[PDB]
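Before any questions on binding or motion, here is one chain by itself as structure tokens, the form deposited in one PDB entry.
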């Protein structure tokens, strides 16, 4: 069974120019817009997902991530984790239900790396636009823009990664799948964490600047859809970070590109299938 924290639920990013962000994400990446709220944010979800949002856009003075939340099994599991997080030593805040459109209340806290993380149990299930009975074999959203299948994860840059990991593995029920060993002596300079059987649901890399966003990732269906996302990136003059390639760490076949506002995002596919009884894989710092 999949219990406790189930999967990445949503990332709310900051954009410099709303209209430019709404067009980029809706028409280039191919996310499906589900709503806009009186606070100025626009709600987006991957076409094949079932919940109302997985990526929220918001205008502000700088690029970067406001926060990253995960959906948990149920409301009981929400209070339980709230209590454990507190018991651990973190100050928990409770954003009331509805503060976000179609979203129940969420338990928020801040990590030693300085990132804002959320936990919620309820969020509307608008579905994927396909019938629940004999779902058709083909659908048009599938090909609107890049059109990724799900918010896969995010990679964060922050200072106290060790304290970070203990929180996730000792309290949130994640496990280390991959890690990058320090140049020497000691710790991990990068950690890939999973709360399921995916290579990872979130990853953290050691860095001084607190709360920095490296990237939010979207899973694609094949290597060819990655080449395709590449072509669509050029057609739309999207600044690309690292063209299509393989990731030693994760084995992901990916493309790193930039938002019109500087936020790095990723469209990849590939990876093995780890489970909680697995020992993590490690990479020497010189190979990182």
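Numbering follows the first chain given and starts at 1. Shifts are known only where both forms have a C-alpha. Take the two forms, find the largest set of C-alpha atoms that superpose within 1.5 Å, and that set is the rigid core.
From this point on, the text means the form solved in complex with a small molecule, which you will not see here.
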Residue 106: touches the small molecule in the deposited complex, heavy atom cutoff 4.5 angstroms: no
Partner proximity in the deposited complex: residue 65 to the small molecule, non-hydrogen atom cutoff 4.5 Å: no
Contact flag, residue 215 vs the small molecule in the deposited complex, heavy atom cut 4.5 Å: yes
Any non-hydrogen atom of residue 228 within 4.5 angstroms of the small molecule in the deposited complex: no
Non-hydrogen atom within 4.5 angstroms of the small molecule in the deposited complex for each of 10, 50 and 55: no
Proximity to the small molecule in the deposited complex (heavy atom, within 4.5 Å), stretch among 192 to 200, 129 to 137, 68 to 76, 98 to 106: 192 to 200
Option touching the small molecule, based on a heavy atom within 4.5 Å in the deposited complex, out of 162, 149, 176, 155: 155
Shifted regions of at least three residues between the shown form and the other one, judged by C-alpha displacement of 2 Å or more after core alignment: 136 to 138
